[PDB]
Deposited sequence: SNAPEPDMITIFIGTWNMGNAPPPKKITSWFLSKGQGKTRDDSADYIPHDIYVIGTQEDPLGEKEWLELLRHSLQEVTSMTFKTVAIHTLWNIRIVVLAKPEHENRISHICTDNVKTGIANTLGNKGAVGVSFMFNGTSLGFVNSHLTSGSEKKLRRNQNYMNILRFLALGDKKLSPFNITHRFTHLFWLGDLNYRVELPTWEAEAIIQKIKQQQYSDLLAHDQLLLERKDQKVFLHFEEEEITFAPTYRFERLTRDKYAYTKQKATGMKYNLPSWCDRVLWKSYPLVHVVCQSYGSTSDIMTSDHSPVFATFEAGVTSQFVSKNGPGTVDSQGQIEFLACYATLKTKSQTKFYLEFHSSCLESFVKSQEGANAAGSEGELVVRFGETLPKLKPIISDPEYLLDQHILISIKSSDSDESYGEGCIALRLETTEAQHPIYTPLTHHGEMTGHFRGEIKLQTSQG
């Protein structure tokens, strides 16, 4: 008898800045999650992002497929490969999944730096993957933040019918990896102390100065993304062919400069509310030494799948606009997206607008509760004057009151609250 489709899959994410050098003949440690770092069987999907990648596409594919044969005893199939400059993403999957995978998309954004991405459906679940190489230099964190903002706005992945939504709402699970280039922000006179803290494996004191964690805390990038705790050493910048020494100085015509050891190479994720996702490993290798960066691995278990009445809903927006607003509801469980009538505007606290709705009844294509309880509704609040979104969010149907933050262009713009039946 036909077995039920999987309710969970496992996903390997790798990111490696290859430093423009060919890889060594053995890279299996990367796929085995062998190295320092948090931990909680071949994976269903392998996503391999490289930067400063010097190889051709078919050359690198054959090295990966052979390495995975040795690790898993299976021959993985190519789902997608996409390259911009020397920034590349490869997605491989078990052969048994080939008929489960549909709507494969690829795209890139130039910001040489930039991003590549791949998205596809696994049965009923959308998955997105972004590999970005962001602006380099300890002093350029604001430019990295802007690179992130431009990638999220302009990378075209996922269902194009989801017109008001960027990649941060288009997927049940979105994974963002790469050489994000954020540095440990400490004075250069502290270099030798940092090296000592690394040898003592005292990472929490250095992570207090990691620009990516600090910019996330201030809501400047990666809003509502998670990252596993980091318990591996900084992955940059090593002398090549060893891992025993960091190369933290750099000669320049204008005098010696510094690249203090940093966690440049990262994996983050954002999943729809109430969907299962758990990180099983996050770490770096120590035996792959052809680059001045070490490869990073992160593995995950992720949940997948095979009338709706919105009641007493209001939005709060930080805006001075006096337009009226309406709502748009989008979901794979609807035959097409649904627009509401205009709400009623009132002032809230300073600079804020409350938009109250006293809303169309949504009719899902399938009414089976085993189907519906796993669905989500994407919500956009749009200006009637311009038809542009002022805020996007997501509600789980897994049953009540409902709530989502609203963002636009990846930054907070307000909140949406109500009840659902």
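Residues of the deposited sequence that lack C-alpha coordinates fall in the stretches 41-46, 118-124, 320-334, 387-388, 430-435, 458-463.
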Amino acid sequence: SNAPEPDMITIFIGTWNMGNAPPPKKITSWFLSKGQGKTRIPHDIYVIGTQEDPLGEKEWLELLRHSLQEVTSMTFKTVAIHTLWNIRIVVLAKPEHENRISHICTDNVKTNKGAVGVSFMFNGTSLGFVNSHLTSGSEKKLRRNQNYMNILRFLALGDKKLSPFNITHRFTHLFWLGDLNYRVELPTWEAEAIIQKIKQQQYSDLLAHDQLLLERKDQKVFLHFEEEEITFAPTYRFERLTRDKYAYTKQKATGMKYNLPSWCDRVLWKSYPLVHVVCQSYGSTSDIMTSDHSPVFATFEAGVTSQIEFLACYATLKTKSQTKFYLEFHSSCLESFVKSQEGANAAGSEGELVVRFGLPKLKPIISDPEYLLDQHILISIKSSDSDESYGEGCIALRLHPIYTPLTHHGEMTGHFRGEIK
From here on, numbers count along this sequence of modelled residues.
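Stretches 222-230 and 334-342 differ in mean CA B factor, with 334-342 having the higher one. Higher mean CA temperature factor between 137-145 and 236-244: 236-244, per the PDB entry.
Looking at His376, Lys363, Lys34, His43, the one whose CA carries the top B-factor in the deposited record is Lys363. Per the deposited record, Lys197 carries the highest C-alpha B-factor of all listed residues (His169, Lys217, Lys197, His173). When all modelled residues of the chain are sorted by CA temperature factor, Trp60 is found within the middle third. In the PDB entry, a CA B factor belonging to the lowest third of its chain's modelled residues is recorded for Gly178. Remark: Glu192 belongs to the highest third of its chain, ranked by C-alpha B-factor as recorded. Among the modelled residues of its chain, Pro23 has a C-alpha B-factor that falls in the middle third according to the deposited record.
Among the modelled residues of its chain, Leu372 has a C-alpha B-factor that falls in the highest third according to the deposited record.
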